Amino acid sequence: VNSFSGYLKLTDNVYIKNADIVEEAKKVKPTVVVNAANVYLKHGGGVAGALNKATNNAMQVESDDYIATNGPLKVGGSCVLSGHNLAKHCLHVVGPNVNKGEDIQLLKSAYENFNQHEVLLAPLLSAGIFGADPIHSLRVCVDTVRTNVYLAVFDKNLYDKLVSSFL
Ligand SMILES: Nc1ncn(C[C@H]2CCCO2)c2ncnc1-2
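All residue numbers refer to a per-chain count from 1 along the written sequence rather than necessarily to the numbering of the entry. Residues that lack coordinates are not shown. In computing side-chain values, all of the structure's heavy atoms are included and hydrogens and water are not. Residues with missing side-chain atoms are left out of burial classes, side-chain pairs and their counts.

Deposited coordinates in this entry are attributed by the record to X-ray crystallography, at a stated resolution of 1.0000 Å.

Some points on the layout of surface pockets
Empty space within the largest pocket amounts to approximately 470 Å³. With a 1 Å grid spanning the protein atoms alone, the term cavity applies to any set of points in which a 1.4 Å probe fits but cannot get out, the term pocket to an open set with protein on both sides within 12 Å along at least five of seven lines, and the term lining residue to any residue with an atom within 4 Å of a point. In terms of lining residues, the largest pocket is bounded by 19 residues, among which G46, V47, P123, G128 and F154 are the most central. Helix and strand assignments follow DSSP, with helices taken as H or I runs no shorter than four residues and strands as E runs no shorter than two, numbered in order from the N terminus. A per-element tally of the lining of the largest pocket places helix α2 (residues 46–54) first, with three residues. In terms of residue class, the lining of the largest pocket is made up of 14 nonpolar, three polar and two charged. Grid points are joined across faces, edges and corners, and a volume is the space filled by probe spheres set on the points. For this classification, the nonpolar set comprises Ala, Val, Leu, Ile, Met, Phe, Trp, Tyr, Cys and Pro, the charged set comprises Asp, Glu, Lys and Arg, and every other residue, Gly included, is treated as polar.

Re unusual backbone geometry
A positive phi is found at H84, a non-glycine position, where the angle reads about 55°. With respect to the secondary-structure elements, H84 resides in the loop between β4 (78–82) and β5 (89–93). Even without being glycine, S126 reaches a positive phi, approximately 70°. Take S126: it is sitting in the loop between β6 (119–122) and α5 (134–144). Residue classification places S126 among the buried positions, given a relative accessible area of 3%. Exposure classes here rest on a 1.4 Å probe applied to the protein chains alone. A residue is buried below 20% of its type maximum, exposed above 50%, and partly exposed in between.

Some details on the pairing of β5
Across the five residues of β5, four count as buried, placing the element largely inside the fold. Strand pairing follows a simple DSSP-based rule, namely that at least 2 bridges must link the two strands. Judged from the five bridges that link them, strand β3 (residues 32–36) and β5 form a sheet pairing that is parallel. Note on β5: the bridge partner recorded for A36 is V93. In this sheet, β5 lies alongside β4 in antiparallel orientation, the contact comprising five bridges. Considered in β5, the bridge of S82 is made with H89. Connecting β4 to the antiparallel partner β5 that follows it, the hairpin turn spans six residues, and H84 within it adopts a positive phi of roughly 55°.

Structural notes on the site of the ligand
Definition of nearness: a residue and a molecule or strand are near each other if at least one heavy atom of the residue lies within 4 Å of the molecule or strand. The local shell around the ligand consists of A19, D20, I21, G46, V47, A50, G128, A152, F154, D155 and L158. Each polar contact in these results corresponds to two N or O atoms within 3.5 Å; when the atoms are within protein, one needs to be able to donate a hydrogen and the other to accept it, and residues that are neighboring in sequence are counted only if both atoms are side-chain atoms. In this structure, a nitrogen atom belonging to the ligand sits 2.8 Å away from a side-chain N or O atom of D20. Contact between the ligand and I21: a nitrogen atom at 2.9 Å from a main-chain N or O atom of the residue. For this analysis, a molecule is said to be in a pocket or cavity if more than half of its atoms are within 2 Å of the grid points defining it. When each cavity is represented as a set of grid points, the ligand is found to reside in the largest pocket. With three residues, the top contributor of residues to the shell around the ligand is α2. Of the residues in the shell around the ligand, the class split is seven nonpolar, two polar and two charged.

Structure follows, in structure tokens:
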């Protein structure tokens, strides 16, 4: 048993809810919250800016030190950093950004990072401002992630569309 509440079950291991990933993290304090990161860990908007704002910019300070030491992530890659006040850990995952021209095939590689963690609270990668089709992102998630993933979809008519259209 875990603390996640109000989720619709899509598959054996994937669950979905209409919720802000920030509000959910503050309530649950999950072991792992996933950030929709970029390779520079510049947390300006979408999930990264909201998560970072909720940490009072401590996520950005930590991220800047990570990049200064290690250099940028790969598209499709990830790193584990602190979850600050939101979670034990934050898994920063870089999905491809369609609005920058990145290969959508890298979305599967991005979701494979989730399999290193038994349970995660996550957004849909590459959806929203990243330019990918969220219906596609949910299909890749279900077909790639084998660990238990709780998807928070912030946008209301998108949640309803994802559920209604789910195969
Ligand atoms: N605070 C937040 N900002 C942005 N997104 C992404 C967009 C695209 C899907 C619906 O929301 C979030 N997902 C969960 N929480 C989110």
